[PDB]
Amino acid sequence: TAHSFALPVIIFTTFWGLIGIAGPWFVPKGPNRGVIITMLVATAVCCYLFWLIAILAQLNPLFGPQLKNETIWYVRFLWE
Amino acid sequence: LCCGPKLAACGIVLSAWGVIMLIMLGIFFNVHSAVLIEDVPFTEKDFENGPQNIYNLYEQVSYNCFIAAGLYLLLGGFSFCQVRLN
Amino acid sequence: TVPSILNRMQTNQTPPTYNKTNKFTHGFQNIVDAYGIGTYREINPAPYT
Numbered sequence: 002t003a004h005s006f007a008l009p010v011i012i013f014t015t016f017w018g019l020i021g022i023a024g025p026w027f028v029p030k031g032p033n034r035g036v037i038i039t040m041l042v043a044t045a046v047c048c049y050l051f052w053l054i055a056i057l058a059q060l061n062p063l064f065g066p067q068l069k070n071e072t073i074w075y076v077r078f079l080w081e
Numbered sequence: 005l006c007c008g009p010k011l012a013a014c015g016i017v018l019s020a021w022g023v024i025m026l027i028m029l030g031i032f033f034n035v036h037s038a039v040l041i042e043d044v045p046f047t048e049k050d051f052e053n054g055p056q057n058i059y060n061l062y063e064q065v066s067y068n069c070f071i072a073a074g075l076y077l078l079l080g081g082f083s084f085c086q087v088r089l090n
Numbered sequence: 347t348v349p350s351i352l353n354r355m356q357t358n359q360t361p362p363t364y365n366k367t368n369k370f371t372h373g374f375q376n377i378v379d380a381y382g383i384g385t386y387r388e389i390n391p392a393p394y395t
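Those protein sequences? They're chains A, B and C, same order as listed.
Take 2 as the starting number for the first sequence in full-length UniProt numbering and just add one per residue.
Take 5 as the starting number for the second sequence in full-length UniProt numbering and just add one per residue.
Take 347 as the starting number for the third sequence in full-length UniProt numbering and just add one per residue.
Here it is in structure tokens:
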């Protein structure tokens, strides 16, 4: 069950970078443009940082979870 | 029967929430999803021969959740009727 | 027939702050106003909040 740490970063980085960088140009020429661009850019920052922190916090763990023997017995069958 | 429009609105909203959540919960138990193991009523002697013995109880709780969702759907219908009267 | 006049002048009083708020941003502008309105033409924290 290997989630190789190249595809997730590529996917979400291009995703959020596009939202925060290309979307601003696609916002139409109008009065609310500035506020809309600020929403796009800062949403990119906040959400991308949240995801990046969450995934790096799991990259290279120091310890593994602790499980009741019942859930060990169950997940042993259920998950790969 | 009759009731206040605010009571009926609360009833219908609660019925919608209950129906959605309990249908989802029954689905997730019938799936045998692992994250809900602790809520299954199994006993310490059910861990001998394999997961089927506990799959059955997962199914039982899923049926309970579906029954509760049906009760909430009936409540939602009745509350919608009450709103229509009001 | 003879018209009126509108006059500009050199002023010593401090300008107020105005934002041309819109339907969507009114709550946020109020949220930042709750702790003191910004001085004339300083950066508004509302669009970032």
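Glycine residues also receive a C-beta, built at the ideal position from the N, C-alpha and C atoms.
For residue i, count neighbouring C-beta atoms within 10 Å of its own C-beta (all shown protein chains included) and say buried if the count is 16 or more, exposed if not.
i: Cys14 of chain B; result: exposed
i: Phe33 of chain B; result: buried
i: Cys69 of chain B; result: buried
i: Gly54 of chain B; result: exposed
Does DSSP put residue i in a helix, in a strand, or in coil?
i: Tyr394 of chain C; result: coil
i: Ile11 of chain A; result: helix
i: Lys10 of chain B; result: helix
i: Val44 of chain B; result: coil
i: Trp26 of chain A; result: helix
Using a Cβ-Cβ distance under 8 Å, would residue i count as near chain A?
i: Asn376 of chain C; result: no
i: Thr371 of chain C; result: yes
i: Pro55 of chain B; result: yes
i: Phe33 of chain B; result: no
i: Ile16 of chain B; result: no
i: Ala20 of chain B; result: no
i: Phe82 of chain B; result: no
i: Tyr386 of chain C; result: no
Any C-beta of chain C sitting closer than 8 Å to the C-beta of residue i?
i: residue 84 of chain A; result: Shown here, chain A extends from 2 to 81; a query on residue 84 of chain A therefore has no answer.
i: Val36 of chain A; result: yes
Could you tell me the distance, in whole angstroms, from the CA atom of residue i to the CA atom of residue j?
i: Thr15 of chain A; j: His36 of chain B; result: 35 Å
i: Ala73 of chain B; j: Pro9 of chain B; result: 23 Å
i: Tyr49 of chain A; j: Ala43 of chain A; result: 10 Å
i: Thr347 of chain C; j: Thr39 of chain A; result: 51 Å
i: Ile58 of chain B; j: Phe51 of chain B; result: 8 Å
i: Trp80 of chain A; j: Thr72 of chain A; result: 11 Å
i: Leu79 of chain B; j: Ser5 of chain A; result: 48 Å
i: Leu26 of chain B; j: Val39 of chain B; result: 16 Å
i: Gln375 of chain C; j: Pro361 of chain C; result: 18 Å
Using 8 Å as the limit for Cβ to Cβ distance, is residue i near chain B?
i: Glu71 of chain A; result: yes
i: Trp52 of chain A; result: no
Under 7 Å Cβ-Cβ, which residues of chain A neighbour residue i?
i: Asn368 of chain C; result: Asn33
i: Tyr381 of chain C; result: Under the 7 Å cutoff, chain A gives no residues; its nearest Cβ is about 20 Å from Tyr381 of chain C.
Report the neighbours of residue i on chain A: residues whose CB is nearer than 8 Å to its CB, in chain order.
i: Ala72 of chain B; result: The contacting residues do not exist; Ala72 of chain B stays about 24 Å from chain A at best.
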